[PDB]
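Below is one structure, written out as C-alpha cells, with a few remarks after it.
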Amino acid sequence: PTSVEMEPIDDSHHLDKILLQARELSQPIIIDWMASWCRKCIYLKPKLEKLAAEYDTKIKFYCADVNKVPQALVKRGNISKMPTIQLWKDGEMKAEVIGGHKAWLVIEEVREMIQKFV
Ligand SMILES: [Cl-]
Ligand SMILES: [K+]
C-alpha cells in the first residue's frame with residue numbers, strides 16, 4: 001500500500017475499543033486531532049496517510065475532528081492546538097507532536113516519535 005486512510009474515532013467509547021484492540025496486538029496507535037478549517041491539518045492529511053502505509057499491519061492510524069466529535073472525546077486527548085498527532089500505547093497517550101509548520105517536517109518529527117515507542 002502507498003497510502004492508508006485514517007479511521008475516524010466516533011467517541012470516547014470507540015477510543016476505548018480502539019485501545020483494547022491495540023493492547024491485544026501489543027501495538028501503539030496514532031491519533032491525528034485536527035480541525036477542518038485548519039489549513040495545516042488539511043495539508044498534513046495526505047502526508048499522514050502515506051506515513052500510515054509505511055506502518056501498515058504495525059501501527060493503526062486514526063483521526064478525530066475536534067469540532068465534530070463529542071467534547072468528552074477531545075478531553076481524552078487533552079487537546080489545545082491542532083494538528084496534534086499523538087502516539088498511544090497501553091491505553092494512554094505516550095507522546096505527541098504539535099504541527100504548525102510544513103507538513104513534511106511534521107511527518108519527520110512524527111516518525112521520530114514512532115521509532116521511540118514501536
Ligand atoms: Cl464521548
Ligand atoms: K494540551
Side-chain angles (χ1 to χ4, degrees):
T2 49
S3 191
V4 168
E5 190 161 288
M6 292 182 278
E7 183 171 1
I9 307 186
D10 300 341
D11 58 19
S12 296
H13 178 68
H14 191 194
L15 176 60
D16 287 347
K17 291 188 92 180
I18 284 165
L19 295 168
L20 277 158
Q21 176 61 266
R23 185 182 292 282
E24 176 185 274
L25 303 176
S26 303
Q27 291 183 354
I29 64 171
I30 288 286
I31 305 172
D32 173 18
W33 300 96
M34 54 71 67
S36 62
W37 45 260
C38 175
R39 75 195 184 279
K40 298 174 289 274
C41 292
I42 296 302
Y43 305 157
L44 183 60
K45 180 189 181 183
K47 303 209 179 295
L48 274 173
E49 293 187 347
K50 178 186 182 83
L51 185 68
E54 296 174 24
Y55 289 93
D56 184 45
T57 82
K58 301 291 177 263
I59 306 177
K60 294 190 179 68
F61 280 55
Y62 300 85
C63 58
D65 181 325
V66 298
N67 292 105
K68 295 273 275 180
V69 302
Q71 297 182 130
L73 176 57
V74 181
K75 287 176 176 156
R76 293 287 299 278
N78 188 27
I79 309 304
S80 57
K81 296 293 171 181
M82 289 72 60
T84 289
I85 307 87
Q86 298 182 332
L87 186 144
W88 290 55
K89 194 177 177 167
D90 300 328
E92 62 178 31
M93 183 268 281
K94 299 293 187 173
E96 73 184 9
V97 171
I98 308 306
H101 44 285
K102 284 290 299 186
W104 71 266
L105 178 50
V106 174
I107 292 291
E108 294 309 303
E109 190 178 347
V110 171
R111 193 192 309 282
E112 180 81 352
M113 175 178 65
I114 287 166
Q115 293 291 112
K116 183 170 182 167
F117 300 97
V118 77

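Counting begins at 1 with the first residue of the sequence. All values below come from the heavy atoms of this structure, side chains included, with hydrogens, waters and symmetry mates left out.
- Heavy atoms from other residues, nucleotides or ligands lying under 6.0 Å from CD of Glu5 number 12 at most.
- How far CG of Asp32 is from CG of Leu51: 11.0 Å, rounded to the nearest 0.5 Å.
- A salt bridge does not link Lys47 to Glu49: none of the charged nitrogens lies less than 4.0 Å from a carboxylate oxygen.
- Distance check: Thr84 OG1 to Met93 CE gives 9.0 Å after rounding to the nearest 0.5 Å.
- Within the model, atoms CD of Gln27 and NZ of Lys60 stand 5.5 Å from one another, a figure rounded to the nearest 0.5 Å.
- No more than 12 heavy atoms of other residues, nucleotides or ligands sit less than 6.0 Å from atom CD of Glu112.
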Worksheet item: Where do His14 and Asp11 land on the side chain to side chain contact (heavy atoms under 4.5 Å, CB included) test, with the steps shown first?
Response: CA-CA 5 Å; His14 191 194; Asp11 58 19; 3.5 Å; yes
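- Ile107 contributes atom CD1, which lies 5.0 Å from atom CG of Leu44 (distance to the nearest 0.5 angstrom).
- Here the straight-line distance linking atom CD1 of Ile31 with atom CD1 of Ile85 works out to 11.5 Å at 0.5 Å rounding.
- Checking side-chain atoms of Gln86 against main-chain N and O of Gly77 turns up a donor-acceptor pair under 3.5 Å.
- Among all heavy-atom pairs drawn from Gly91 and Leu19, the shortest one is O-CD1, 3.8 Å.
- In the hydrophobic clustering of ILVMFWY residues, with side-chain heavy atoms under 4.5 Å counting as a link, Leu25 and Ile18 come out apart.
- Clustering ILVMFWY residues whenever any of their side-chain heavy atoms sit less than 4.5 angstrom apart, transitively, puts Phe61 in the very cluster that holds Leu87.
- In this structure, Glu109 contributes its side chain and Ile98 its backbone to no donor-acceptor pair below 3.5 Å.
- Under the 4.5 Å side-chain heavy-atom criterion for ILVMFWY residues, no single connected hydrophobic cluster contains both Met82 and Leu105.
- Looking at every heavy atom in both residues, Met113 comes nearest to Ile30 through CE-CD1, 4.0 Å.
- Shown here for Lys94 and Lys89, the closest heavy-atom pair between the two residues is CE-O, 3.3 Å.
- From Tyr43, atom OH reaches atom CG of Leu48 across 15.5 Å, with rounding to the nearest 0.5 Å.
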Discussion item. Under the criterion side chain to side chain contact (heavy atoms under 4.5 Å, CB included), I'd like the reasoning laid out for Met34 against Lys45: C-alpha separation, chi angles, the key distance, then a yes or no.
Written reply: CA-CA 9 Å; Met34 54 71 67; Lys45 180 189 181 183; over 6 Å; no
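- Across all non-hydrogen atoms, the minimal contact from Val4 to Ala53 is CG2-CA, 3.7 Å.
- Checked for salt-bridge contact, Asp16 and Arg76 meet the test: a charged N lies under 4.0 Å from a carboxylate O.
- The same ILVMFWY cluster, assembled from side-chain heavy atoms under 4.5 Å apart, contains both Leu15 and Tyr62.
- Counting all heavy atoms, side chain and backbone alike, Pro83 lies closest to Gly100 at CD-N, 4.3 Å.
- Across all their heavy atoms, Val69 and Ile9 have their closest contact at CG1-O, 3.5 Å.
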Discussion item. Checking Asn78 against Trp33 for the side chain to side chain contact (heavy atoms under 4.5 Å, CB included) test, could you report, in this order, the C-alpha distance in whole Å, the side-chain angles of both residues, the deciding distance, and whether it holds?
Written reply: CA-CA 10 Å; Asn78 188 27; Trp33 300 96; over 6 Å; no
